[PDB]
Each structure stands twice: as C-alpha cells, then as structure tokens.
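Chemist: Sharing a structure, written as structure tokens. Questions coming.
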Number of protein chains: 2
Amino acid sequence: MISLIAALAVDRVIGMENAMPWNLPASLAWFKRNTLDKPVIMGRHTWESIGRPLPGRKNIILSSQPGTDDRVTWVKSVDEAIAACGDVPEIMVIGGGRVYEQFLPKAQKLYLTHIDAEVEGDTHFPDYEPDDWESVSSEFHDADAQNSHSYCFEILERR
Amino acid sequence: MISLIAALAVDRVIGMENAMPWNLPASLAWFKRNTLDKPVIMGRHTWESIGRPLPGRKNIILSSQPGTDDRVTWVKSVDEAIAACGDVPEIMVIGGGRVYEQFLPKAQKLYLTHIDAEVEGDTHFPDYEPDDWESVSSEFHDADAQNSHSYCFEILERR
Ligand SMILES: CN(Cc1cnc2nc(N)nc(N)c2n1)c1ccc(C(=O)N[C@@H](CCC(=O)O)C(=O)O)cc1
Ligand SMILES: CN(Cc1cnc2nc(N)nc(N)c2n1)c1ccc(C(=O)N[C@@H](CCC(=O)O)C(=O)O)cc1
Ligand SMILES: [Ca+2]
Ligand SMILES: [Cl-]
Ligand SMILES: [Cl-]
C-alpha cells in the first residue's frame, strides 16, 4: 500500500528547494513515528534538505541525476522505486511536489500536517478531492514555546 | 569581559509569544561555536525555550524565583550571575530582552545574527548606538535547503 506523507501550509503550498519558515518539532516527531521501519521514497531536493539518510528507514531517492552517496538507493523511475522497496506492508512517499504527483494515482493513504502559515510558494500539494478520500482522523494543536505555528495532523483513506 | 549574543529579526525583534518562525541550523551552529566552553547567562523564559542545559557550557539562570533543575546554577542578581562565572575571560549573555537590558552597559562585544524575517514581536533587542560600536566582521548568507531565511553574522566591539 502506498502512502503519501506531507506538511502543507495554507493553500497547499509545500516546500520546493529552500527550507520552510517554521520550526515544528512535534510535527517532525509525528513524521518520524509514522515512517520508522518502512521504506521512504523522496526526490533530490528533499534529500538535500534532510541532509543524511533517515535512520531506521530504507532511503530511496527518485532522480534523473546520478547517485552521489552509497548509503541510500538511487532509482530513475517509479517502477524502479517501487521495486526497491520489496514486499512490505506500507511504502511512504515523502515528497517533494513532482514525486507526490507521480504516486498520488497509486496512493491509498495520506498522512498530512496542516500548518497555519501563509507562505508564498510555487509548488502545491496536488489537488486531492476529499470525496475520493475519507478523512478518518484529525488532531489540532496550538503553537507553543517550541512550535512556531498551530498544526493539525490528518489521516485520510482512499475511497 | 561580557559579550552579548543574539538573533535579531527585522526591527530588532528577538522573541514572540511562540517559537520563532524560522529554521536556521547554520545560525545555531554559529551560536554553539561562539558559546562553547564558556559560561552562558540567560533568563528563565530563554531556559524554558531551550528545553535542556546547553552541553559543554556552564549554564547560569538569572531569575527571582527558585530553581527547578539541579543541572544548572540558579542566581538572583546580576552580581551573583557574574560571580558564578568565576575567572574566565569572557562571559556570554544569551537573552532574553530584560537580561540583555541589564548587561548591555557592561558589554564590550556583541555577536549578532541578523535574519531577514519580517515579524511582529513581543520582545526586542535593546537599542544600540551604532556610533558606540565598531563592526569588525560580517558574513552574508542566503536561505538554502536547510535554512529558511537569509542571515548575516556580525561581530561588534565597543568603541
Ligand atoms: C526537510 N525534511 C522533509 C520533511 C519534513 N517534515 C515533513 N513533515 C511531514 N509531515 N511530511 C513530510 N513529507 C516532511 N518532510 C525533513 C528534515 C529533517 C528530518 C529529520 O531529521 N527527521 C528525524 C527526526 C527529528 C530529529 O531527530 O532531528 C527523523 O528521524 O525522521 C526529516 C524530514
Ligand atoms: C531557542 N534558543 C535560544 C537561541 C537561539 N538562537 C540564538 N542565536 C543567537 N545568535 N543568539 C542567541 N542568544 C540565540 N538563542 C536556543 C534553542 C536551541 C539551542 C541549541 O540546541 N543549540 C545547540 C546547537 C544546535 C543543535 O545541537 O541542535 C547548541 O549546542 O548550542 C540554542 C538556543
Ligand atoms: Ca568594519
Ligand atoms: Cl524533492
Ligand atoms: Cl528570558
């Protein structure tokens, strides 16, 4: 089963190349809890933003360019990315924009962090029609001394 | 000698009701570089924001109320805070507003990270006379895969 996991600001803006303007450790912990022990597929920009292989996860990079690093798996296509994950119960797609566009058709679950921040951006998370998706769980949290903005975790299942 | 180290957004903002809306690992690395192996004096609210004692530094908290963590030294006056530093060459004051207000008149140097972020702040760095300080180093960086805003590191010496 293929799942997409993303953090969206107002209007579905998502990061593209530069780091996003927020500091949300509670949300990164949620990202960790939900991707640990599973394979993660991401594009080149995400991988440069992360800065190293996420531990406890099989790191798969989907890019047209070559593999700088040997601690992860470099693949040139969707089928190849899918294949490198082997047979597992759940494959996590962690972005960015293009990658999400490529897997959305095949996705069965969406884990999203909705963040109350207005950010000017080019890239948007794909339009997903919530009538094609059932929201199953939602949990809001206010900003605090450690989290810059209010955020809401949402899980949706494809119907 | 006492030095002040601060991160200022536009208009000298240094704090907000919640965590600052930025992700700047390169500035944190500069802050560690410049405070490592030194005593650091901070107020209670800055301590609470940090979450734990800073490693490799003697952490001193200036507060009127009693201490809640045995890992650090709690002090009730400027004089006590200084004294708790012992005999070292340089004492670093890490904020917040009021604490910077009480040490500025005794400071000979300032390490400032200026960040291009326009935000509404709650506290601000005390007003410094640009005719009383000499900029001895400056270094500009744009936002990147890991840093959400452009920033500039500056060190000033009291004329
Ligand atoms: C830039 N980036 C991609 C990123 C960040 N937050 C997201 N949040 C959501 N919900 N979804 C994503 N796809 C997402 N992707 C990052 C950056 C750092 C780490 C990271 O260091 N994670 C540690 C957790 C905290 C830590 O130890 O620093 C982990 O083990 O996953 C993860 C993703
Ligand atoms: C919120 N806060 C206060 C803070 C942040 N940046 C500043 N930056 C400057 N220039 N000056 C300050 N006084 C300042 N203070 C923090 C928060 C975290 C860490 C911290 O974890 N720094 C680690 C380095 C980064 C890391 O290990 O994650 C360290 O060892 O110093 C420091 C200060
Ligand atoms: Ca100069
Ligand atoms: Cl990407
Ligand atoms: Cl404080």
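Labels used: A, B, ... for chains in the order of the structure tokens, numbers from 1 for residues in each chain, and numbers from 1 for ligands as shown.
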Could you list, as a PyMOL selection string, all protein and nucleic acid residues with an atom at most 10 Å from ligand 4, counting only C-alpha atoms and all ligand atoms?

Modeler: chain A and resi 15-17+41-49+61-63+94-100

Chemist: Could you write out chain A as a CSV table (one decimal) with N, CA and C atoms, in the first residue's frame once it has been least-squares superposed on chain B using every ordered C-alpha pair?

Modeler:
```
chain,number,residue,atom,x,y,z
A,1,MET,N,35.3,39.7,30.3
A,1,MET,CA,34.7,40.6,29.3
A,1,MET,C,33.3,39.9,29.1
A,2,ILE,N,32.3,40.8,29.0
A,2,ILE,CA,30.9,40.4,28.8
A,2,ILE,C,30.5,40.6,27.4
A,3,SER,N,29.9,39.6,26.9
A,3,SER,CA,29.5,39.6,25.5
A,3,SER,C,28.0,39.2,25.4
A,4,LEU,N,27.3,39.8,24.5
A,4,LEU,CA,25.9,39.5,24.3
A,4,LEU,C,25.8,38.8,22.9
A,5,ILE,N,25.0,37.8,22.8
A,5,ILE,CA,24.8,37.0,21.6
A,5,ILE,C,23.3,36.9,21.4
A,6,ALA,N,22.9,37.4,20.1
A,6,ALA,CA,21.5,37.4,19.8
A,6,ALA,C,21.2,37.2,18.4
A,7,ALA,N,19.9,36.8,18.2
A,7,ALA,CA,19.4,36.6,16.8
A,7,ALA,C,18.2,37.6,16.6
A,8,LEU,N,18.4,38.5,15.7
A,8,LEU,CA,17.4,39.6,15.4
A,8,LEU,C,16.8,39.5,14.1
A,9,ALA,N,15.4,39.7,14.1
A,9,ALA,CA,14.7,39.7,12.9
A,9,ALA,C,14.6,41.2,12.5
A,10,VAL,N,13.9,41.5,11.5
A,10,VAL,CA,13.8,42.9,11.1
A,10,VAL,C,13.3,43.8,12.2
A,11,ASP,N,13.8,45.0,12.3
A,11,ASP,CA,13.4,45.9,13.4
A,11,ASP,C,13.8,45.5,14.8
A,12,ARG,N,14.8,44.6,14.9
A,12,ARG,CA,15.3,44.2,16.2
A,12,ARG,C,14.4,43.3,17.1
A,13,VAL,N,13.4,42.8,16.4
A,13,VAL,CA,12.4,41.9,17.2
A,13,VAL,C,13.2,40.7,17.6
A,14,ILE,N,13.0,40.3,18.8
A,14,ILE,CA,13.6,39.1,19.3
A,14,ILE,C,12.5,38.2,19.9
A,15,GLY,N,12.8,36.9,20.2
A,15,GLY,CA,11.8,36.1,20.8
A,15,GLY,C,11.5,36.5,22.2
A,16,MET,N,10.4,36.3,22.6
A,16,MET,CA,9.9,36.5,24.0
A,16,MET,C,9.6,35.2,24.7
A,17,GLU,N,8.5,34.6,24.3
A,17,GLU,CA,8.2,33.3,24.9
A,17,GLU,C,8.1,32.1,23.9
A,18,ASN,N,7.3,32.3,22.9
A,18,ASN,CA,7.1,31.2,21.9
A,18,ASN,C,8.3,31.2,20.9
A,19,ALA,N,8.6,30.0,20.4
A,19,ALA,CA,9.7,29.9,19.4
A,19,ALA,C,9.4,30.8,18.3
A,20,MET,N,10.6,31.3,17.7
A,20,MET,CA,10.5,32.2,16.5
A,20,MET,C,10.3,31.3,15.3
A,21,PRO,N,9.6,31.9,14.3
A,21,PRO,CA,9.2,31.3,13.0
A,21,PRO,C,10.3,31.3,11.9
A,22,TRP,N,11.3,30.4,12.2
A,22,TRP,CA,12.3,30.2,11.2
A,22,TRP,C,13.0,29.0,11.6
A,23,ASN,N,13.8,28.4,10.7
A,23,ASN,CA,14.5,27.2,10.9
A,23,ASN,C,16.0,27.5,10.3
A,24,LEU,N,16.9,27.7,11.2
A,24,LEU,CA,18.3,28.2,10.8
A,24,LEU,C,19.3,27.4,11.5
A,25,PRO,N,19.5,26.2,11.1
A,25,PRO,CA,20.5,25.4,11.7
A,25,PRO,C,21.9,26.0,11.5
A,26,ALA,N,22.3,26.7,10.5
A,26,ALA,CA,23.6,27.2,10.3
A,26,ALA,C,23.8,28.3,11.3
A,27,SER,N,22.8,28.9,11.7
A,27,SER,CA,23.0,30.0,12.7
A,27,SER,C,23.0,29.4,14.1
A,28,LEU,N,22.3,28.3,14.4
A,28,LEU,CA,22.5,27.6,15.7
A,28,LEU,C,23.9,27.1,15.9
A,29,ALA,N,24.5,26.6,14.8
A,29,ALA,CA,25.9,26.1,14.8
A,29,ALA,C,26.9,27.2,15.1
A,30,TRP,N,26.6,28.4,14.6
A,30,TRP,CA,27.4,29.6,14.9
A,30,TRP,C,27.3,30.0,16.4
A,31,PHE,N,26.1,29.9,16.9
A,31,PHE,CA,25.8,30.1,18.3
A,31,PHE,C,26.6,29.1,19.1
A,32,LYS,N,26.5,27.8,18.6
A,32,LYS,CA,27.3,26.8,19.4
A,32,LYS,C,28.9,27.1,19.4
A,33,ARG,N,29.4,27.3,18.3
A,33,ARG,CA,30.8,27.5,18.1
A,33,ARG,C,31.3,28.7,19.0
A,34,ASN,N,30.5,29.7,19.1
A,34,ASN,CA,30.8,30.9,19.9
A,34,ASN,C,30.5,30.8,21.3
A,35,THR,N,29.7,29.8,21.8
A,35,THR,CA,29.4,29.9,23.3
A,35,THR,C,30.1,28.7,23.9
A,36,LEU,N,30.5,27.7,23.1
A,36,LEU,CA,31.1,26.5,23.7
A,36,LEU,C,32.3,26.7,24.7
A,37,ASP,N,32.4,26.0,25.8
A,37,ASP,CA,33.5,26.1,26.7
A,37,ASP,C,33.4,27.5,27.5
A,38,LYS,N,32.3,28.2,27.5
A,38,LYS,CA,32.2,29.4,28.2
A,38,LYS,C,30.9,29.4,29.0
A,39,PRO,N,30.8,30.3,30.0
A,39,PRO,CA,29.6,30.3,30.8
A,39,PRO,C,28.6,31.1,30.0
A,40,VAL,N,27.3,30.7,30.1
A,40,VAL,CA,26.2,31.4,29.5
A,40,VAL,C,25.2,31.8,30.5
A,41,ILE,N,24.7,33.0,30.4
A,41,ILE,CA,23.7,33.5,31.2
A,41,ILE,C,22.5,33.7,30.4
A,42,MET,N,21.3,33.3,30.9
A,42,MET,CA,20.1,33.4,30.2
A,42,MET,C,18.9,33.6,31.2
A,43,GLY,N,17.7,34.1,30.7
A,43,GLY,CA,16.6,34.3,31.6
A,43,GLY,C,15.7,33.0,31.5
A,44,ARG,N,14.6,33.0,32.3
A,44,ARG,CA,13.7,31.8,32.4
A,44,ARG,C,13.0,31.3,31.0
A,45,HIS,N,12.5,32.2,30.2
A,45,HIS,CA,11.9,31.9,28.9
A,45,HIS,C,12.9,31.2,28.0
A,46,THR,N,14.1,31.8,27.9
A,46,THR,CA,15.1,31.1,27.1
A,46,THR,C,15.4,29.8,27.5
A,47,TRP,N,15.6,29.6,28.8
A,47,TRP,CA,15.9,28.3,29.3
A,47,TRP,C,14.7,27.3,29.0
A,48,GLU,N,13.5,27.7,29.1
A,48,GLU,CA,12.4,26.8,28.8
A,48,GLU,C,12.3,26.5,27.3
A,49,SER,N,12.7,27.4,26.5
A,49,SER,CA,12.8,27.3,25.0
A,49,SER,C,14.0,26.3,24.7
A,50,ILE,N,15.1,26.4,25.4
A,50,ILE,CA,16.2,25.5,25.0
A,50,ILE,C,15.8,24.1,25.4
A,51,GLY,N,15.3,23.9,26.6
A,51,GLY,CA,14.8,22.6,26.9
A,51,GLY,C,15.7,21.7,27.7
A,52,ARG,N,17.0,22.1,28.0
A,52,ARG,CA,17.9,21.3,28.8
A,52,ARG,C,19.2,22.1,28.9
A,53,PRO,N,20.1,21.7,29.7
A,53,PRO,CA,21.3,22.4,29.9
A,53,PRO,C,22.2,22.4,28.6
A,54,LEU,N,22.7,23.5,28.1
A,54,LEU,CA,23.5,23.4,26.8
A,54,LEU,C,24.8,22.7,27.2
A,55,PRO,N,25.2,21.6,26.6
A,55,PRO,CA,26.4,20.9,26.9
A,55,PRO,C,27.7,21.6,26.7
A,56,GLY,N,28.7,21.4,27.5
A,56,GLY,CA,30.0,22.0,27.2
A,56,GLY,C,30.0,23.5,27.7
A,57,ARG,N,29.0,23.9,28.4
A,57,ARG,CA,28.9,25.3,28.9
A,57,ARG,C,28.3,25.3,30.3
A,58,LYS,N,28.8,26.3,31.1
A,58,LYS,CA,28.2,26.4,32.4
A,58,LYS,C,26.9,27.2,32.3
A,59,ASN,N,25.7,26.6,32.6
A,59,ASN,CA,24.4,27.2,32.5
A,59,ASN,C,24.0,27.9,33.8
A,60,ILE,N,23.8,29.2,33.6
A,60,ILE,CA,23.4,30.1,34.6
A,60,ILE,C,22.0,30.7,34.3
A,61,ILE,N,21.0,30.5,35.1
A,61,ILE,CA,19.8,31.1,34.9
A,61,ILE,C,19.5,32.3,35.9
A,62,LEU,N,19.2,33.5,35.3
A,62,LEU,CA,18.8,34.7,36.1
A,62,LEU,C,17.3,34.8,36.1
A,63,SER,N,16.8,34.6,37.2
A,63,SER,CA,15.3,34.6,37.4
A,63,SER,C,15.0,35.0,38.9
A,64,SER,N,13.7,35.5,39.1
A,64,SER,CA,13.2,35.9,40.4
A,64,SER,C,12.6,34.6,41.1
A,65,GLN,N,12.1,33.7,40.3
A,65,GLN,CA,11.5,32.4,40.7
A,65,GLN,C,12.6,31.4,41.2
A,66,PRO,N,12.1,30.2,41.6
A,66,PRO,CA,13.0,29.2,42.1
A,66,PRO,C,13.5,28.3,41.1
A,67,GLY,N,14.6,27.6,41.5
A,67,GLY,CA,15.3,26.6,40.7
A,67,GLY,C,14.6,25.3,40.6
A,68,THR,N,13.9,25.0,39.5
A,68,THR,CA,13.3,23.8,39.3
A,68,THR,C,14.4,22.7,39.3
A,69,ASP,N,15.3,22.8,38.3
A,69,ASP,CA,16.5,21.9,38.0
A,69,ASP,C,17.8,22.1,38.7
A,70,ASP,N,18.5,21.0,39.1
A,70,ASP,CA,19.8,21.0,39.8
A,70,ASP,C,21.0,20.9,38.8
A,71,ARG,N,20.8,20.6,37.5
A,71,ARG,CA,22.0,20.5,36.6
A,71,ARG,C,22.5,21.9,36.1
A,72,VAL,N,21.9,23.0,36.6
A,72,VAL,CA,22.3,24.4,36.2
A,72,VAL,C,22.4,25.3,37.4
A,73,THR,N,22.8,26.5,37.3
A,73,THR,CA,22.9,27.4,38.4
A,73,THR,C,21.9,28.5,38.3
A,74,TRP,N,21.0,28.6,39.3
A,74,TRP,CA,20.0,29.6,39.5
A,74,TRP,C,20.5,30.8,40.4
A,75,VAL,N,20.3,32.0,39.9
A,75,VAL,CA,20.8,33.2,40.5
A,75,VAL,C,19.7,34.2,40.4
A,76,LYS,N,19.7,35.1,41.4
A,76,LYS,CA,18.6,36.1,41.5
A,76,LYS,C,19.0,37.5,41.1
A,77,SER,N,20.3,37.7,40.7
A,77,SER,CA,20.7,39.0,40.3
A,77,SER,C,22.0,39.0,39.4
A,78,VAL,N,22.1,40.2,38.8
A,78,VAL,CA,23.2,40.4,38.0
A,78,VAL,C,24.6,40.1,38.6
A,79,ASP,N,24.7,40.7,39.8
A,79,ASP,CA,26.0,40.4,40.5
A,79,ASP,C,26.2,39.0,40.8
A,80,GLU,N,25.1,38.4,41.2
A,80,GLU,CA,25.3,37.0,41.5
A,80,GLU,C,25.6,36.2,40.3
A,81,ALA,N,25.1,36.6,39.1
A,81,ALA,CA,25.3,35.8,37.8
A,81,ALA,C,26.7,35.9,37.4
A,82,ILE,N,27.2,37.2,37.6
A,82,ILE,CA,28.6,37.5,37.2
A,82,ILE,C,29.5,36.7,38.1
A,83,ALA,N,29.2,36.7,39.4
A,83,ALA,CA,30.0,35.9,40.3
A,83,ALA,C,30.1,34.4,40.0
A,84,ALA,N,29.0,33.8,39.7
A,84,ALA,CA,28.9,32.3,39.4
A,84,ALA,C,29.8,31.9,38.2
A,85,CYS,N,30.2,32.9,37.3
A,85,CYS,CA,30.9,32.5,36.2
A,85,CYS,C,32.4,32.4,36.6
A,86,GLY,N,32.8,32.8,37.7
A,86,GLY,CA,34.2,32.7,38.0
A,86,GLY,C,35.2,33.6,37.2
A,87,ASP,N,36.5,33.3,37.1
A,87,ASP,CA,37.2,34.2,36.3
A,87,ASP,C,37.5,33.6,35.0
A,88,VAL,N,36.9,34.2,34.0
A,88,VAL,CA,37.1,33.6,32.7
A,88,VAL,C,37.3,34.7,31.7
A,89,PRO,N,37.8,34.3,30.6
A,89,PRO,CA,38.1,35.4,29.7
A,89,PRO,C,36.8,36.0,29.1
A,90,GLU,N,35.7,35.2,28.9
A,90,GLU,CA,34.6,35.8,28.3
A,90,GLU,C,33.3,35.2,28.8
A,91,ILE,N,32.3,36.0,29.1
A,91,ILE,CA,31.0,35.5,29.7
A,91,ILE,C,30.1,35.7,28.6
A,92,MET,N,29.2,34.7,28.2
A,92,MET,CA,28.2,35.0,27.1
A,92,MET,C,26.8,35.2,27.7
A,93,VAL,N,26.1,36.3,27.2
A,93,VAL,CA,24.7,36.6,27.7
A,93,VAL,C,23.8,36.2,26.6
A,94,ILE,N,22.9,35.2,26.8
A,94,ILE,CA,22.2,34.7,25.6
A,94,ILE,C,20.7,35.1,25.5
A,95,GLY,N,20.3,36.0,26.4
A,95,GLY,CA,18.9,36.5,26.3
A,95,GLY,C,18.0,35.9,27.4
A,96,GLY,N,16.7,36.3,27.4
A,96,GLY,CA,16.0,37.2,26.4
A,96,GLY,C,16.1,38.7,26.7
A,97,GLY,N,15.2,39.5,26.2
A,97,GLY,CA,15.1,40.9,26.3
A,97,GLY,C,15.6,41.6,27.6
A,98,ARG,N,15.0,41.2,28.7
A,98,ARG,CA,15.4,41.8,30.0
A,98,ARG,C,16.8,41.6,30.3
A,99,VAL,N,17.2,40.4,30.2
A,99,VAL,CA,18.6,40.0,30.5
A,99,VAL,C,19.6,40.9,29.7
A,100,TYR,N,19.2,41.0,28.4
A,100,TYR,CA,20.1,41.8,27.5
A,100,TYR,C,20.2,43.2,28.0
A,101,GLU,N,19.0,43.8,28.5
A,101,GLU,CA,18.9,45.2,29.0
A,101,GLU,C,19.8,45.4,30.2
A,102,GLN,N,19.8,44.4,31.1
A,102,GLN,CA,20.7,44.4,32.2
A,102,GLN,C,22.2,44.4,31.9
A,103,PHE,N,22.6,43.5,31.0
A,103,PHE,CA,24.0,43.5,30.7
A,103,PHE,C,24.6,44.3,29.7
A,104,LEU,N,23.8,45.0,28.8
A,104,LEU,CA,24.3,45.8,27.7
A,104,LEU,C,25.3,46.9,28.2
A,105,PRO,N,25.0,47.6,29.3
A,105,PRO,CA,25.8,48.6,29.9
A,105,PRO,C,27.3,48.1,30.1
A,106,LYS,N,27.4,46.9,30.6
A,106,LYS,CA,28.6,46.2,30.9
A,106,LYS,C,29.2,45.4,29.7
A,107,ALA,N,28.5,45.3,28.6
A,107,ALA,CA,29.1,44.6,27.5
A,107,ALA,C,30.1,45.3,26.7
A,108,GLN,N,31.0,44.4,26.3
A,108,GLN,CA,32.2,44.8,25.5
A,108,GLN,C,32.1,44.3,24.0
A,109,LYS,N,31.3,43.2,23.8
A,109,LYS,CA,31.2,42.6,22.4
A,109,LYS,C,29.8,42.2,22.2
A,110,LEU,N,29.4,42.2,20.9
A,110,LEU,CA,28.0,41.8,20.5
A,110,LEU,C,28.2,40.9,19.3
A,111,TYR,N,27.6,39.7,19.5
A,111,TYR,CA,27.7,38.7,18.3
A,111,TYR,C,26.2,38.7,17.8
A,112,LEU,N,25.9,39.1,16.6
A,112,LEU,CA,24.5,39.1,16.2
A,112,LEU,C,24.2,38.4,15.0
A,113,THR,N,23.1,37.7,15.0
A,113,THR,CA,22.6,37.1,13.7
A,113,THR,C,21.5,37.9,13.2
A,114,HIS,N,21.6,38.6,12.0
A,114,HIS,CA,20.6,39.4,11.5
A,114,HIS,C,19.8,38.5,10.5
A,115,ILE,N,18.5,38.4,10.8
A,115,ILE,CA,17.7,37.5,9.9
A,115,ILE,C,16.7,38.3,9.2
A,116,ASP,N,16.6,38.0,7.9
A,116,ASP,CA,15.6,38.7,7.0
A,116,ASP,C,14.2,38.2,7.2
A,117,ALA,N,13.7,38.3,8.3
A,117,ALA,CA,12.3,37.9,8.5
A,117,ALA,C,11.5,38.9,9.1
A,118,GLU,N,10.3,39.1,8.7
A,118,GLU,CA,9.5,40.1,9.3
A,118,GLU,C,8.6,39.4,10.2
A,119,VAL,N,8.7,39.7,11.5
A,119,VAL,CA,7.9,39.0,12.5
A,119,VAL,C,7.3,40.1,13.4
A,120,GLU,N,6.0,39.9,13.7
A,120,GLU,CA,5.4,40.9,14.6
A,120,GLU,C,5.8,40.5,16.0
A,121,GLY,N,6.4,41.4,16.8
A,121,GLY,CA,6.7,41.0,18.2
A,121,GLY,C,6.7,42.1,19.2
A,122,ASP,N,6.7,41.8,20.5
A,122,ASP,CA,6.7,42.8,21.4
A,122,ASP,C,8.0,43.3,21.9
A,123,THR,N,8.9,42.3,22.2
A,123,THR,CA,10.3,42.5,22.6
A,123,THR,C,11.2,42.8,21.4
A,124,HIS,N,12.2,43.8,21.7
A,124,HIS,CA,13.2,44.3,20.8
A,124,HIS,C,14.5,44.1,21.4
A,125,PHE,N,15.6,43.9,20.6
A,125,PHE,CA,16.9,43.9,21.1
A,125,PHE,C,17.1,45.4,21.5
A,126,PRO,N,17.8,45.7,22.6
A,126,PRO,CA,18.1,47.1,22.9
A,126,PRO,C,18.7,47.9,21.8
A,127,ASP,N,18.4,49.2,21.8
A,127,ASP,CA,19.0,50.1,20.9
A,127,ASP,C,20.5,50.2,21.1
A,128,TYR,N,21.3,49.9,20.2
A,128,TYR,CA,22.7,50.0,20.4
A,128,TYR,C,23.1,50.9,19.3
A,129,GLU,N,23.8,51.9,19.7
A,129,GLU,CA,24.3,53.0,18.8
A,129,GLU,C,25.7,52.6,18.3
A,130,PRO,N,25.6,52.1,17.0
A,130,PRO,CA,26.7,51.6,16.2
A,130,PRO,C,28.0,52.5,16.0
A,131,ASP,N,27.9,53.7,16.7
A,131,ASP,CA,29.0,54.7,16.7
A,131,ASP,C,29.6,54.6,18.1
A,132,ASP,N,29.0,53.7,18.9
A,132,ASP,CA,29.5,53.3,20.2
A,132,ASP,C,29.9,51.9,20.2
A,133,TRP,N,29.8,51.4,19.0
A,133,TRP,CA,30.2,50.1,18.6
A,133,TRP,C,30.8,50.1,17.2
A,134,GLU,N,31.8,49.4,17.0
A,134,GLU,CA,32.5,49.3,15.8
A,134,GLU,C,32.1,48.0,15.2
A,135,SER,N,31.7,48.0,13.9
A,135,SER,CA,31.4,46.6,13.4
A,135,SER,C,32.7,46.2,12.8
A,136,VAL,N,33.1,45.1,13.2
A,136,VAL,CA,34.4,44.5,12.8
A,136,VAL,C,34.3,43.3,11.9
A,137,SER,N,33.2,42.7,11.8
A,137,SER,CA,33.1,41.6,10.8
A,137,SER,C,31.7,41.4,10.4
A,138,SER,N,31.4,41.0,9.2
A,138,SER,CA,30.0,40.8,8.7
A,138,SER,C,30.1,39.7,7.6
A,139,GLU,N,29.2,38.7,7.7
A,139,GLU,CA,29.2,37.6,6.7
A,139,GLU,C,27.8,37.2,6.4
A,140,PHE,N,27.3,37.4,5.2
A,140,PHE,CA,26.0,37.2,4.7
A,140,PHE,C,25.8,35.9,4.1
A,141,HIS,N,24.6,35.3,4.4
A,141,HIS,CA,24.4,34.0,3.8
A,141,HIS,C,23.0,34.0,3.3
A,142,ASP,N,22.8,33.3,2.1
A,142,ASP,CA,21.4,33.2,1.6
A,142,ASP,C,20.7,32.0,2.2
A,143,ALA,N,19.4,31.9,2.1
A,143,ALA,CA,18.5,30.9,2.5
A,143,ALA,C,18.8,29.7,1.6
A,144,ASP,N,18.6,28.5,2.1
A,144,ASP,CA,18.8,27.4,1.3
A,144,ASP,C,17.9,26.2,1.7
A,145,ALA,N,18.2,25.0,1.3
A,145,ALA,CA,17.3,23.9,1.5
A,145,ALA,C,17.1,23.6,3.0
A,146,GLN,N,18.1,24.0,3.8
A,146,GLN,CA,18.0,23.8,5.2
A,146,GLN,C,17.7,25.0,6.0
A,147,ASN,N,18.0,26.2,5.5
A,147,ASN,CA,17.8,27.5,6.3
A,147,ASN,C,16.7,28.3,5.7
A,148,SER,N,15.7,28.6,6.5
A,148,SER,CA,14.6,29.3,5.9
A,148,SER,C,14.7,30.7,5.3
A,149,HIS,N,15.6,31.4,5.9
A,149,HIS,CA,15.8,32.8,5.5
A,149,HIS,C,17.3,33.1,5.4
A,150,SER,N,17.5,34.2,4.8
A,150,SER,CA,18.9,34.8,4.6
A,150,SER,C,19.2,35.3,6.0
A,151,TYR,N,20.5,35.2,6.4
A,151,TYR,CA,21.0,35.7,7.7
A,151,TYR,C,22.4,36.2,7.5
A,152,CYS,N,22.7,37.1,8.4
A,152,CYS,CA,24.1,37.7,8.4
A,152,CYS,C,24.6,37.8,9.8
A,153,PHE,N,25.9,37.2,10.0
A,153,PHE,CA,26.6,37.2,11.2
A,153,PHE,C,27.4,38.5,11.3
A,154,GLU,N,27.2,39.1,12.4
A,154,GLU,CA,27.9,40.3,12.7
A,154,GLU,C,28.5,40.4,14.1
A,155,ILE,N,29.8,40.9,14.1
A,155,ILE,CA,30.5,41.1,15.4
A,155,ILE,C,30.8,42.6,15.5
A,156,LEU,N,30.5,43.1,16.6
A,156,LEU,CA,30.8,44.5,16.9
A,156,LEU,C,31.5,44.6,18.2
A,157,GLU,N,32.5,45.6,18.3
A,157,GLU,CA,33.2,45.9,19.6
A,157,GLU,C,32.9,47.2,20.1
A,158,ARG,N,32.8,47.3,21.4
A,158,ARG,CA,32.5,48.5,22.0
A,158,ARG,C,33.7,49.5,22.0
A,159,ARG,N,33.4,50.7,21.5
A,159,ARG,CA,34.4,51.7,21.4
A,159,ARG,C,34.1,52.8,22.4
```

Chemist: From a DSSP calculation on the backbone, collect every residue of chain A in helix (DSSP H, G or I) and output the set as an MDAnalysis selection string.

Modeler: chainID A and resid 10:12 25:35 44:50 78:84 97:106

Chemist: Per DSSP on the backbone, filter stretch 26-149 of chain A down to the residues in strand (DSSP E or B) and report them as a PyMOL selection string.

Modeler: chain A and resi 39-42+58-62+73-75+91-95+107-115+124+133-141
